[PDB]
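Read through the structure below, which is laid out as structure tokens, and then see the notes.
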Amino acid sequence: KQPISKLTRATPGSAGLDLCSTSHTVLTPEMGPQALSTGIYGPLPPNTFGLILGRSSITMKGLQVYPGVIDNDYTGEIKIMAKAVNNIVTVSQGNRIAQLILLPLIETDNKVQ
Amino acid sequence: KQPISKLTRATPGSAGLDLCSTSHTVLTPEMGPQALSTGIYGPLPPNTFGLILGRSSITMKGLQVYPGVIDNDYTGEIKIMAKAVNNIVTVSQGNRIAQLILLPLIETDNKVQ
Amino acid sequence: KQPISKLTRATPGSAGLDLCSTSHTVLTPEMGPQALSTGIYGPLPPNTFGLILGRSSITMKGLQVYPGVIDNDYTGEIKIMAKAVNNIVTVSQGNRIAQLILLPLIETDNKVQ
Ligand SMILES: O=c1ccn([C@H]2C[C@H](O)[C@@H](COP(=O)(O)NP(=O)(O)OP(=O)(O)O)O2)c(=O)[nH]1
Ligand SMILES: O=c1ccn([C@H]2C[C@H](O)[C@@H](COP(=O)(O)NP(=O)(O)OP(=O)(O)O)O2)c(=O)[nH]1
Ligand SMILES: O=c1ccn([C@H]2C[C@H](O)[C@@H](COP(=O)(O)NP(=O)(O)OP(=O)(O)O)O2)c(=O)[nH]1
Ligand SMILES: [Mg+2]
Ligand SMILES: [Mg+2]
Ligand SMILES: [Mg+2]
């Protein structure tokens, strides 16, 4: 397992930490949502949670990443939920296919139930 | 009407407050976006706004929630904008179908026009 | 080029800064993702990044905006990545078709590589 501290940012001012596919995968529109492996695991830094979002160059190529929430205390593998929009999409091993955004986790008194 | 203070978090470290459907609803891909009732209303805590996002177990089952912005001063009912991706999806009353994330509302000098 | 300081908020408590299409554009579902021009450019205020999200009245009319990340130091034109969901969608010049949300940019020690 690899922690999110192993992820890289494309540039200093990049909001997102890039997530790469660990598998070669072909996706077609009739397959609907697929969960792609990253080999990266939570959890996240204190007082933060994560959002997985598409990379724009990838979205424009017809692979939709559904926005996903990563909980602060998730310790499982971060997966990318993805769907081929219109056409056949081929993901290669190591391709940067999404990005992780870190956001402040606001405390509230909502019941934890 | 029920305020967002009535929502619950799945776990202490869960970023999202779960939103449940108040109706049994069937959705098909040809129907396109539908707005599901929650019986939960704004507004939000001071200096925050909301994002409605999908729950991953729900997205993976073929129901797409379109990300939606909840304004700090919205006092209407929070609705979930949803679409069946490929297949027929049946939502039952009380099913947790999305989640509300709270985020800091940044002040800017943009004209309010 | 116009900076994001030229954007307007619908109301004082609106989280989003509205983005308008500068072109008349027709979109069909078979066209897949299209990048709509706004004539608005980064960069963003210090310590912030942006998210482009749909407006709910627009999403409900069948035009999906794919959530997009605007980096703090992006100096290019902000484009809206959009797709007609089920039907033919006609965007007119000046129509508010998405919104820009500003969010705090969290610093981490991830390699910038
Ligand atoms: O894109 C995603 C979304 C979620 N996840 C993981 C991390 C997150 O903390 C965990 C739970 O996410 P959600 O709350 O969105 N899913 P759901 O509500 O279906 O499961 P749970 O009841 O555990 O909260 O799933 C991913 O790996 N990728
Ligand atoms: O998923 C959503 C998105 C928005 N909303 C409500 C809350 C939000 O404050 C209100 C307005 O949202 P948008 O600005 O996204 N919609 P639009 O720009 O079409 O309407 P307005 O001109 O009032 O801002 O709609 C929901 O209930 N669910
Ligand atoms: O909806 C969007 C998304 C991104 N963008 C622009 C701004 C953002 O800073 C820039 C890069 O975005 P991403 O990182 O999402 N794209 P990608 O990873 O494909 O390109 P790069 O390798 O440059 O980061 O693209 C838009 O104009 N609209
Ligand atoms: Mg990028
Ligand atoms: Mg959950
Ligand atoms: Mg609006």
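What whole-number distance in Å separates the alpha-carbon centres of the range C:68-113 and the range B:54-99?
21
Have a look at A:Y66, A:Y74, A:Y41 and tell me which one the Gaussian network model of chain A (Cα, springs below 10 Å) gives the largest fluctuation.
Largest GNM mean-square fluctuation: A:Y74.
Using the C-alpha gyration tensor of the range C:1-105, what are the square roots of 5 times its eigenvalues, in whole angstrom, with the largest one first?
Working: eigenvalues 107, 38, 32 Å².
Its equivalent ellipsoid spans semi-axes of 23, 14, 13 Å.
For Cα pairs less than 8 Å apart in space and 6+ apart in sequence, what is the mean separation divided by the residue count of chain C, i.e. the relative contact order in percent? Don't skip to the end; give the middle numbers.
Details: 253 pairs, mean separation 41.2, N = 113.
The value is 36 percent.
Where the label is 7 Å out from Cα toward Cβ, how close does C:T108 come to the same position in every other copy, in nm, shortest first?
2.4, 2.4
Checking the a/c ratio against 1.5 first, then a/b against b/c, what shape does the Cα gyration tensor give for the range A:66-113?
Numbers: a/c = 2.97, a/b = 2.38, b/c = 1.25.
Because a/c hits 1.5 or more and a/b exceeds b/c, the range A:66-113 counts as prolate.
Please list 3J(HN,Hα) in residue order for the range B:39-47, calculated via the Karplus relation 6.51 cos²θ - 1.76 cosθ + 1.60 where θ = phi - 60°; whole Hz, with x for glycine and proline.
For the range B:39-47, the Karplus curve yields x, 9, 10, x, x, 9, x, x, 6 Hz.
How far is B:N47 from the same spot in each other copy, in nm, shortest first, if each label point sits 7 Å from Cα toward Cβ?
Listed shortest first, these distances are 1.2, 1.2 nm.
Grab the residue from chain B whose Cβ hugs the B-to-A rotation axis most tightly, plus its distance in whole angstrom.
Its Cβ sits closest to the axis: B:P67, 3.
May I ask what percent, to the nearest 5, of DSSP beta bridges between residues of the protein assembly as shown are antiparallel? Before the final figure, lay out each step's value.
Numbers: 72 of 78 bridges.
Percent antiparallel among DSSP bridges in the protein assembly as shown is about 90.
Along Cα→Cβ, 7 Å out, is where each label goes; now give me the distance between the ones at A:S37 and C:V26 in nm to one decimal.
Placing both labels 7 Å beyond Cα along the Cβ direction yields 4.6 nm.
Quick check for chain B: number of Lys pairs with alpha-carbon distance under 30 Å, counting only pairs 8 or more apart or on different chains?
9
With all distinct Cα pairs included, what does the Kirkwood hydrodynamic radius of the protein assembly as shown come out to in Å, to one decimal, could you say?
Numbers: mean 1/r = 0.0496 Å⁻¹.
This gives a value of 20.2 Å.
Could you list C:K83, A:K111 in order of exposure, starting from the residue whose Cβ has the fewest other Cβ atoms within 10 Å? Kindly include the intermediate steps, with their values, before the conclusion.
Numbers: C:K83 22, A:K111 11.
Ascending number of Cβ neighbours within 10 Å: A:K111, C:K83.
Taking a label point 7 Å out from Cα toward Cβ, give me the nm distances from B:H24 to the same spot in the other copies, shortest first, one decimal.
4.8, 4.8
Assign unit charges at the C-beta atoms only (+1 for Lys and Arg, -1 for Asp and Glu), then state the dipole size of the range C:1-105 relative to its Cα centre in Debye, rounded to the nearest 20.
On the way: 8 positive and 5 negative charges, 55 e Å.
The calculation lands at about 260 debye.
Taken together, the values in this text are just the output of simple stated rules run on the coordinates, not laboratory data. Reconstructed Cβ throughout: ideal geometry from the backbone, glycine too, with neighbour counts over all protein chains shown.
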